[PDB]
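All of the numbers you see were taken from the coordinates with simple rules; none came from a lab. So basically every Cβ, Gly included, is an ideal-geometry build from the backbone, and we count neighbours across all protein chains shown.
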Amino acid sequence: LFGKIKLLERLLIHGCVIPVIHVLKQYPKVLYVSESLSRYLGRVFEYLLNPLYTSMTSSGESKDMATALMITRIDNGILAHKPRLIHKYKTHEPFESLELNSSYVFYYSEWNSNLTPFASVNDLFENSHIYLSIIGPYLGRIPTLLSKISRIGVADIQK
Amino acid sequence: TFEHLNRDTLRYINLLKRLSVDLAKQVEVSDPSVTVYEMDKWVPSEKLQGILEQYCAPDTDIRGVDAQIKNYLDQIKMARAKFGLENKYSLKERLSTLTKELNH
Amino acid sequence: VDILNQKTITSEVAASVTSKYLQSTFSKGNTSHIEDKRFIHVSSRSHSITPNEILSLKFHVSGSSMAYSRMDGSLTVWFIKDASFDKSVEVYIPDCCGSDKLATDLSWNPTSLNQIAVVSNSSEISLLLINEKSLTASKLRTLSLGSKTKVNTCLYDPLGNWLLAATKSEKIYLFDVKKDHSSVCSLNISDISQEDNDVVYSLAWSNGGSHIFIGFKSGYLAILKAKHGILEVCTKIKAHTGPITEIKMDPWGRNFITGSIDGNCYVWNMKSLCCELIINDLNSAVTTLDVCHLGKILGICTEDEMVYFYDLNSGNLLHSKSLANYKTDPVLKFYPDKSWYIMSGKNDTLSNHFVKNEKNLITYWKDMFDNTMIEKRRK
Amino acid sequence: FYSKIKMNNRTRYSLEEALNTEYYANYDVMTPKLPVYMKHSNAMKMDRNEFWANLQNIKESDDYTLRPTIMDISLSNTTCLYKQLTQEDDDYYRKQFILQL
Amino acid sequence: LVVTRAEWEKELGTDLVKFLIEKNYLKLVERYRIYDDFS
């Protein structure tokens with residue numbers, strides 16, 4: 001809850017990868033202390049992967065930006081259509097949310113300014129010896145990251 | 001004199017953000033492809049923004065711009081009773097019989 | 001204390017309010033039986049049994065009309081302006097879509113204020129108006145096409161811009177609504193599912209109205225565009241090991257939910273099209289499935305004759321009622337404008353609806369807050 | 001002082017709920033950083049920043065280099081001590097006395 | 001609201017004000033008063 005372990009995962013939430021890679025390469029069983037260290041490191045690897053996964057599934061995922069929209073609320077005065085009204089709040093929790101009428105965002109929006117999302121397939125094979133070797137058999141705690149790398153592979157054999 | 005200038009620049013700071021009376025927002029939309037609306041980027045009308053900016057621009061009398069509201073506040077129901085009467089029944093009953101005679 | 005600490009709705013104070021709303025909607029003064037024609041016929045034979053289950057139940061998108069079709073006979077159309085459910089039957093039609101076959105599916109029209117499209121099992125789609133003054137139901141047209149074998153389902157676009165009628169063996173039809181009810185395209189199901197002789201179980205429109213989700217018998221899920229008149233296949237993923245029973249959508253447009261004949265119910269998000277949350281529901285086969293209009297409650301009803309209520313953000317359980325002595329296929333349905341629901345099955349094949357005095361969950365938390373605040377303003 | 005901030009932005013929360021009567025609202029009583037018309041207006045920013053810019057040229061000159069502190073409470077003058085701690089507009093002179101105590 | 005008959009026609013139509021006054025919605029005080037619900 002306090003100390004070194006709490007310090008090591010607030011650094012990985014904000015932006016700091018190089019001081020956290022250097023610690024977990026020295027003491028590789030700093031995992032089995034918290035199950036949050038493998039969730040927040042799968043938030044950084046999923047940001048680098050996401051421009052590549054949208055382009056490999058090219059025409060489908062580019063129009064998937066337009067499929068995500070909601071239904072308006074239709075009242076029966078003249079049978080008119082009005083949109084829904086929400087309002088933002090900036091919180092300290094890293095994962096984005098949406099309650100009954102309130103949506104929550106992370107307060108520090110420049111968290112990904114030092115990172116760069118990598119190119120097609122030749123850069124994925126180099127950057128996975130660093131990130132994916134720290135959490136070795138712990139990629140199965142993020143099942144949505146294991147499903148994304150397997151669709152890069154099928155889409156690369158077929159093209 | 002400095003003990004008076006220092007106190008009147010703390011109540012100027014404490015009047016721009018802290019107590020700071022603001023407008024009540026009516027939501028108007030025109031495009032039918034929005035479906036989500038965050039209530040942060042609601043800005044007022046173009047005719048009201050030009051009137052409110054004239055209270056703080058220099059070299060103006062206050063009572064001459066307070067009468068531009070009484071002009072504006074009565075031009076806002078002279079366009080809400082012009083579309084609240086011609087849309088009331090003169091265009092309702094043109095769609096009453098004409099949608100029955102389409103069905104027949 | 002824990003009420004008045006948070007002044008905006010957080011993740012934890014929302015999940016404790018919605019467990020009191022479902023707890024207080026099962027009470028004695030918050031339930032009333034619909035005075036149907038079968039509630040009259042059952043109450044005579046029970047005071048002094050032939051089953052006819054319902055085949056569809058649909059709400060108008062304004063939330064002011066409710067139609068539903070029993071097995072043997074008639075349509076019944078209720079009209080609710082504001083009075084809870086004791087206002088008016090307007091019509092019920094004993095020979096609705098003909099006098100020979102059954103009424104399988106229904107769809108209201110989102111553009112026109114009063115019009116249904118009832119689909120028989122023969123080859124023909126009869127559009128008919130429900131009259132407001134008198135209690136009658138007059139027809140408007142009757143559609144047909146060539147090489148039309150047996151239509152089962154019909155769906156309107158949530159913008160009221162297309163109509164999708166589908167067979168479960170041969171073909172899928174699009175009818176334009178704006179100019180005239182004319183066939184635009186037709187796709188053979190063998191081009192959609194290439195594997196075997198599949199049978200289309202369920203369909204859904206997306207919230208925009210440009211993609212169609214189709215659920216087969218082999219467990220495949222096909223997503224196919226409808227741009228203006230073209231009907232082509234975008235993706236094809238294998239979701240379940242069994243027939244995909246029902247498909248729903250989030251009302252905020254975030255995710256969508258699928259159910260199947262194993263005890264399996266995923267929540268797929270709509271951006272990356274990958275599974276996101278899995279409900280551990282290893283009891284029986286999920287039969288019906290629906291969400292709220294705020295998008296928080298998820299009602300699952302399996303073939304153990306038990307209903308559950310989950311969250312969509314987490315996967316935690318809120319409430320659970322067991323209804324074992326009945327012989328129903330019980331149907332949950334949430335209202336589209338307020339947070340009430342109409343759960344089918346009270347004695348044999350009936351429909352009750354569960355009310356409160358507050359409409360939403362948000363005007364319930366806002367009333368629980370102001371009653372606590374008086375006590376802290378008392379001390 | 002805290003009952004003019006509470007009753008200013010509680011009436012217009014009762015006025016959102018009537019005009020666009022789609023959505024209820026309970027927000028917090030906070031500092032609405034700039035209202036709606038002071039947020040994005042470069043005619044109100046540019047003449048305000050050139051008022052602070054010539055208040056600093058008074059305090060950077062070599063003439064008024066003998067002056068008290070901006071947050072200073074007077075003790076000698078019995079008139080200004082009552083005029084600093086009673087005006088319900090600033091409230092930074094009644095927070096020092098709470099911190100000192 | 002109260003305007004004259006000549007101030008009505010600048011925004012309305014002359015065919016409609018000829019219909020409003022015989023149908024008894026407009027009243028005169030030549031200030032023409034109307035009681036209406038638009039919100």
Are any of the residues in region A:102-115 charged (D, E, K, R) and in a helix (DSSP H, G or I)? no
Selected residue (only one of B:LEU85, B:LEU91 is assigned to a loop (DSSP other than H, G, I, E, B) and loosely packed, with under 14 Cβ neighbours inside 10 Å): B:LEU91
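Listed residues C:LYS321, C:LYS379, C:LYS356, C:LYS366; which is assigned to a loop (DSSP other than H, G, I, E, B) and either touching a strand residue (DSSP E or B) at 6+ places or on another chain (Cβ under 6 Å) or surrounded by fewer than 17 Cβ atoms within 10 Å (Cβ to Cβ) (or both)? Show your work before the answer.
Values: C:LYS321 fails: assigned to a loop (DSSP other than H, G, I, E, B); C:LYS356 fails: either touching a strand residue (DSSP E or B) at 6+ places or on another chain (Cβ under 6 Å) or surrounded by fewer than 17 Cβ atoms within 10 Å (Cβ to Cβ) (or both); C:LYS366 fails: assigned to a loop (DSSP other than H, G, I, E, B).
Sole residue among the options that is assigned to a loop (DSSP other than H, G, I, E, B) and either touching a strand residue (DSSP E or B) at 6+ places or on another chain (Cβ under 6 Å) or surrounded by fewer than 17 Cβ atoms within 10 Å (Cβ to Cβ) (or both): C:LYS379.
Part of a strand (DSSP E or B), polar (S, T, N, Q), within 14 Å of chain A (Cβ to nearest Cβ) and touching a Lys or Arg at 6+ places or on another chain (Cβ under 7 Å) - does that describe any residue in region C:235-248? Reasoning before the result, please.
Restricting attention to region C:235-248, the residues satisfying the condition of being part of a strand (DSSP E or B) are C:235-238, C:244-248.
Add one more test, that the residue is polar (S, T, N, Q), and what stays is C:235, C:245.
So of that shortlist, the ones also within 14 Å of chain A (Cβ to nearest Cβ) come out as C:235.
Next, from what is left, pick out any that are touching a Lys or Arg at 6+ places or on another chain (Cβ under 7 Å): none.
Within region C:235-248, none of the residues are part of a strand (DSSP E or B), polar (S, T, N, Q), within 14 Å of chain A (Cβ to nearest Cβ) and touching a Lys or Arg at 6+ places or on another chain (Cβ under 7 Å).
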Residue selected from region C:1-60 under the condition more than 14 Å from chain A (Cβ to nearest Cβ) and acidic (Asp, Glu), by the criterion nearest to D:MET30 (Cα to Cα): C:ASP2
Out of the residues in region C:138-181 meeting the condition of being touching an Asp or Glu at 6+ places or on another chain (Cβ under 6 Å) and part of a loop (DSSP other than H, G, I, E, B), tell me which one is nearest to the other protein chains (Cβ to nearest Cβ). C:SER144
With (1) of a type outside the set (S, T, N, Q); (2) surrounded by 13 or more Cβ atoms within 10 Å (Cβ to Cβ); (3) closer than 30 Å to D:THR86 by Cα as the list, and B:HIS4 as the residue in question, which single condition is left unmet? (2)
Selection within region A:128-152 - in contact with a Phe, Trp or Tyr (Cβ under 8 Å, 6 or more places away or on another chain) and away from chain C (no Cβ under 14 Å): A:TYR131, A:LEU132
Considering only residues that are surrounded by 14 or more Cβ atoms within 10 Å (Cβ to Cβ) and either at the interface with chain D (Cβ under 9 Å from one of its Cβ atoms) or under 19 Å from D:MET46 (Cα atoms) (or both), which ones fall in region B:25-41? B:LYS25, B:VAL27, B:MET39
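Among A:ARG84, A:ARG43, which is the only one that is basic (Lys, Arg) and within 12 Å of chain C (Cβ to nearest Cβ)? Lay out the reasoning, then the answer.
Values: A:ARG43 fails: within 12 Å of chain C (Cβ to nearest Cβ).
Of the residues listed, the single one that is basic (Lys, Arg) and within 12 Å of chain C (Cβ to nearest Cβ) is A:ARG84.
This table checks each residue for (1) outside any helix (DSSP H, G or I); (2) touching a strand residue (DSSP E or B) at 6+ places or on another chain (Cβ under 7 Å).
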position: A:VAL121; (1), (2): yes, no
position: A:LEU132; (1), (2): yes, no
position: A:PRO137; (1), (2): yes, no
position: A:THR144; (1), (2): no, yes
position: A:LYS148; (1), (2): no, no
position: A:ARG151; (1), (2): no, no
D:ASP28 fails exactly one of the following numbered conditions: (1) at the interface with chain B (Cβ under 9 Å from one of its Cβ atoms); (2) among the acidic types (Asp, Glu); (3) closer than 30 Å to C:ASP337 by Cα. What is the number of that condition? (1)
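Could we say that D:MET30 is part of a loop (DSSP other than H, G, I, E, B), of a type in the set (A, V, I, L, M, F, W, C), within 19 Å of the chain's Cα centre (by Cα) and exposed (fewer than 14 other Cβ atoms within 10 Å of the Cβ) here? Before you say what the answer is, go through the steps one by one.
Values: part of a loop (DSSP other than H, G, I, E, B): yes; of a type in the set (A, V, I, L, M, F, W, C): yes; within 19 Å of the chain's Cα centre (by Cα): yes; exposed (fewer than 14 other Cβ atoms within 10 Å of the Cβ): yes.
Considered against the rule, which asks whether it is part of a loop (DSSP other than H, G, I, E, B), of a type in the set (A, V, I, L, M, F, W, C), within 19 Å of the chain's Cα centre (by Cα) and exposed (fewer than 14 other Cβ atoms within 10 Å of the Cβ), D:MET30 comes out as yes.
Filter region C:76-114 down to residues that are assigned to a strand (DSSP E or B) and either of a type outside the set (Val, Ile, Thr) or within 23 Å of C:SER144 (Cβ to Cβ) (or both), then give me how many there are.
Count: 8.
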Please go through region C:182-211 and pick out each residue that is more than 14 Å from every other protein chain (Cβ to nearest Cβ), assigned to a loop (DSSP other than H, G, I, E, B) and either of a type in the set (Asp, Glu) or closer than 17 Å to C:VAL61 by Cα (or both). C:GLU195, C:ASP196, C:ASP198
